């Protein structure tokens, strides 16, 4: 029948109680799993949210049990990180015709960009020509934009990679997809494998390959799973690498901007630093060099969440403000400015949030007096501003801008990074009551820019910001258990995540879930055989423009009713969350 093919790969809903025993749960990729630590995340108060998300983030450094999935500290992963450092070094010693590309979509794209800059800085500092570049689904504009639709074309990934690989002779492509999921990446990797004279593909993600996506890519013939299975075979002769440790599920299910973005930096910074440090010394990279850096990143988590109670309070001020239709501003310098901009933007697609609700500023790139005259006027008593800097920044810009903001608003707070025994100039000191200071012990550093100091702080800020943004919106009641129910379907992955959420919360069959989702999407047009048979992009393009697609589809199933009936029920309830909660009872 029509639609049987497009949905061939979908697993049937299990009958109640045999979720485990049907083998459906064992097929849910780790990156899409519900994290059991957060099954009651929607009931936690602010301090528990922080405690629960800090605990989920720490799963990154947790070791393998005794059967089970390799992890970051497993010897198969570290031995792969070594071999990859090894190949990065071959390129470092022959920079003529050599290039290192870091490519991802969404947050994997954002991460790739940061790291390409840093390692380019490092090489400038040594007087060598920069060898790093990034690639982000949707071009470079995507780095600071919410643009979830762009990851779905393989050809587009292959074009972008063909532009940048110019007339180079040895190219390392590090494709980053947390879920081993994005067709953008899949196409790059497959292309590298069709020309291993020039290309070396390295695939980075956090699912076992056996959970990689296996649904058809619209412009391509292989699935992500097949591409990855073929890379893994090539690794035996060291012509491709798959670097995929499990790091456990996300605190908010499928939200791979959190743990997944963090692990991506931890994993790649570690490995590239190791490679640079050890070329200088004319020594091969080794597990022991990687470990030093890895443990430093793991100290960084401890150091960061030891400041939890102040994180919980920044959380509340952020949540309070948005409950009143207020706005929230994130202001910081150099690379922490950017990380602020990334976090705010991600709130758009993650929570259905307006660009103004949580916006980030770099001193989007609005400098000292430009921000004073432009943004400063339009503030208000309920808003919130957050300053993010090190005590090595122009601390004179800092004090100024806060002084003016303290006039137009009082819900300020800040995030400050210091080496130990650095002190807060007394004007600045006095403007912040409960302040978030994070002091970093002395560490001896090989290079001029102190790149390891940079990485720790970027990462620690990421964790604080992500925990605040996510926590703030959970507090508002917009998350259901640990799922975001009311997402906007803007790509095929989210299409599937929606369908899985319908199977999970409805318990009804695969065919009914799918029918209800397509009706919801395409309403007011009815299911035709064309629509049943259409490629997933057709449903995505139409869902992307609508509101409450998933809750409307769920209600339809629970009440066993039409789309007309569920829509009017929804509009006759105080809110979405309210209506779904009641219906779930």
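Residue numbers count along the first chain shown, from 1. What we label the rigid core is the largest C-alpha set whose atoms superpose within 1.5 Å from one form to the other.
Chemist: Report the stretch with the higher root mean square CA deviation, pooled over structures and residues in 7 other deposited structures of this protein, choosing between 193-201 and 423-431 after a rigid core fit.
Modeler: Evaluated in 7 other deposited structures of this protein, the stretch farther from the shown form is 423-431.
Chemist: For the step residue 363 to residue 364, what size class fits the number of deposited residues with no coordinates, none, 1 to 3, 4 to 9, or 10 or more?
Modeler: Going from residue 363 to residue 364, the model skips 10 or more residues of the deposited sequence.
Chemist: Look over 160-168 and 250-258 in the entry and identify the one with the greater average Cα temperature factor.
Modeler: So the stretch with the higher mean C-alpha B-factor is 160-168.
Chemist: Per the entry, where is the mean C-alpha temperature factor higher: 416-424 or 189-197?
Modeler: Of 189-197 and 416-424, the stretch with the higher C-alpha B-factor average is 416-424.
Chemist: Looking at the C-alpha B-factor values in the deposited entry, which of 129, 277, 147, 457 comes out highest?
Modeler: Among 129, 277, 147, 457, the highest C-alpha B-factor in the entry belongs to 129.
Chemist: By the entry's C-alpha temperature factors, tell me which of 371, 241, 119, 495 sits highest.
Modeler: That would be 371.
Chemist: Residue 529: which third of its chain by C-alpha temperature factor?
Modeler: Its C-alpha B-factor, which the entry lists for residue 529, ranks in the middle third among residues of this chain.
Chemist: Using the B-factor values recorded in the entry, state whether the Cα atom of residue 296 falls in the lowest, middle or highest third among the modelled residues of its chain.
Modeler: As the PDB entry reports it, the C-alpha B-factor of residue 296 lands in the lowest third of its chain.
Chemist: Sort the modelled residues of this chain by their C-alpha B factor and say whether residue 237 lands in the lowest, middle or highest third.
Modeler: Middle third by C-alpha B-factor.
Chemist: Thinking about Cα B factors across the chain, which third does residue 87 belong to?
Modeler: Middle third, going by the recorded CA B-factors of the chain.
Chemist: Among the chain's modelled residues, which third holds the C-alpha B-factor of residue 43?
Modeler: Its C-alpha B-factor belongs to the highest third of this chain's values.
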